[PDB]
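Listed next as structure tokens: two forms of one protein chain, kept apart as structure 1 and structure 2.
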Structure 1
């Protein structure tokens, strides 16, 4: 026997709904991954119909002629309820319509909050007042931003926690669903070869990279209020750091894994400005098309903006495993490439017998693009003398990340979602730096659209212990 589920999309008229949520639920229904009795209920202020949602989402549905019957079966279970986000009568009508569905009283209710955070308090409070199922479970999906600093995020989290349990709150982060990011735990904890070296005695530095080759591309005003740190560092690179640095969990249960992640975060001190390099991209006169416009060339960006589109920060995990190992978090927009990557550079071999010709070993876990795991190491040069040369061992070798995250919410797996204590630790790490940046308005270092970013970032990486050589040559 299988229970019925109601997927309540609140804010279904928004861009996020039609472009990502409705197509994702459609793909999950197409492959039979959803529970059989799944009803999708929209909820927004705009007066639309299921026909309107179909019309605005089918270009993103990737709907091919073959499964048109399944398409019209999908919107058969779809429905819409118009109402306001702070009007109790609208929530009463929403609850009645959910109860008007087949087996709507014992159904599991999954609320996806595709709304700006400005209405999150009211939406969550009203959902807890009137739209909570008395038999099935009730889980809410919350989207970023989760506040802008420690205080505002703490306010929002305390409000949501005052109504919902931690097992009901799913703060969705699309990177925690990516294949390499989830493979990190198997790589670290299923293998003997990576166990004894994964510590400060063998690792010189850890580099976590998130590069984008495109700038703000028109919507620079929305980016201006947050900046690169809040946008990327505070969530993506910090989750990456937690996965890289965490102790082995007692089990693969979500609670144990998130316990280990928050335990790592609690061992990190607040970031100091001397360990931070900020940059803001400028236009490329030799660039072609969109690369010629700088961050300030966007009309929506306020004039004189000091918002950083690039950041390189050094964190330290002050515990037994990691003491003294710099964790370099590097992210930026309008850079030379797209790349999300974990790099461990190992210490020199103690007692070198090859006359300083050896290079530091490196383990690279490239999350994207073209997922790869390779370790740069030394091998004998084919020849006559005893000279090592750099080589590498390369790892050789379905629903996407968002689909699997939604499936996880369906199955109640919370390992790939940000816990409240994890969020608060993340905000406390970066809040003094964010306040200093907002207060002093330091001028970011300009860098040209399509470059690697400020050179001061490379200087900072070199200063904290990373050594780039440039002698490693690789051919596919």
Structure 2
């Protein structure tokens, strides 16, 4: 009902032209955005709505059946050209927004789709210039959230001195939000999985994020950060919080993020003896990009110690998870594209089936195909007592569209908080400093393989049983 404005900061950027504009396109096409919604593209380069349309339509996946809808979408679009650290551009932007249908009363939604080196300046100018005095104001902040505990604290302190937590929306591109809700309903609305969700029954927790592609083209951008900062400290650790949390007081966003930050407070700093780092190398038997390793990219500096694979074992030190390993295994250039939560349960206390029993498993897969199945054992049909391992299944805008829909709706549950981010960086900062100080050489693994075998050895050591 209320009129809204979708503000794309740095709309000329690659991310804005490939993932955000198509994602508001698909959201307006499906009728999910509020009826009165305006898109204002703001960047440094002087462009028009026609230029943005021309440069973004290939990624729109447009069809001839909806050219009228496409024209309606682009009639709601607007562009303002200005520097990110020049105030005059910001009051020009604010005057443009006020020069709209109920622009002053409109709810303003900022998306910061620009390099993080200017987040300070952009947030400083937005607070003084482009706020709305009637409707709410919300900024979407993209990763990276700094690289250390100190930098993350300084950016978070700046933003929280300007905004409040109700206005900060730190987005996580890899959070499905549907399998997360499946997790919460499964382990919180069912008594089957309630009492068994603790130390006494679960042996280990494996949180996986594999990508079959390396760092083609954009290897220099990945070099400065590494796979830990890329995936593990934010996405896999948020999945750890969702898996290991206590039952919240309610399904409110704050009541869930409190449980997540409480789980984070129980995790101690990472020790390097529980970390296996890998770096993919070219495959001689490959066909395309498989024949080029991480160091083969001309944008990667020579002798780069950046790891494209990492397996890290964490321990949530509370009553429910003390001593249970949490193996965060993520890496690039692996054999498949997988992202799942895997729980191995303990062997049954007292075996009457002559060591034929296997550990029960509960897998919550997000990528490529969503599934929730339990690998438990049922009796093999016949005339004889032996269990057999059987896979039993227990289970549409994608993750990004629904995340933007949460930002519109104000559901901040699936976004990392400030204290949550501080604990997430506290867990990993000493290990990252040690890695970037000593520069230990990562274990090379072949492109398309399963990663270094030392990661498998570490998983064996911590108490993981693989068939």
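Take the two forms, find the largest set of C-alpha atoms that superpose within 1.5 Å, and that set is the rigid core. Numbering follows the first chain given and starts at 1.
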Candidates 380, 338, 155, 165; compared between structure 1 and structure 2 on the rigid core, the one with a C-alpha shift of 2 angstroms or more is 380
Rigid core fitted, then: does residue 259 show a CA shift of 2 angstroms or greater between structure 1 and structure 2?
-> no
Just checking, between structure 1 and structure 2 and with the core aligned, does residue 297 shift 2 Å or more at the CA?
-> no
Residue 175 C-alpha moves between structure 1 and structure 2 by 2 Å or more, core aligned | yes
Residue 34: CA movement between structure 1 and structure 2 [superposed on rigid core, Å] | 1.0
So, with the core fitted, how far does residue 66 move at its Cα between structure 1 and structure 2, in angstrom?
-> 2.2
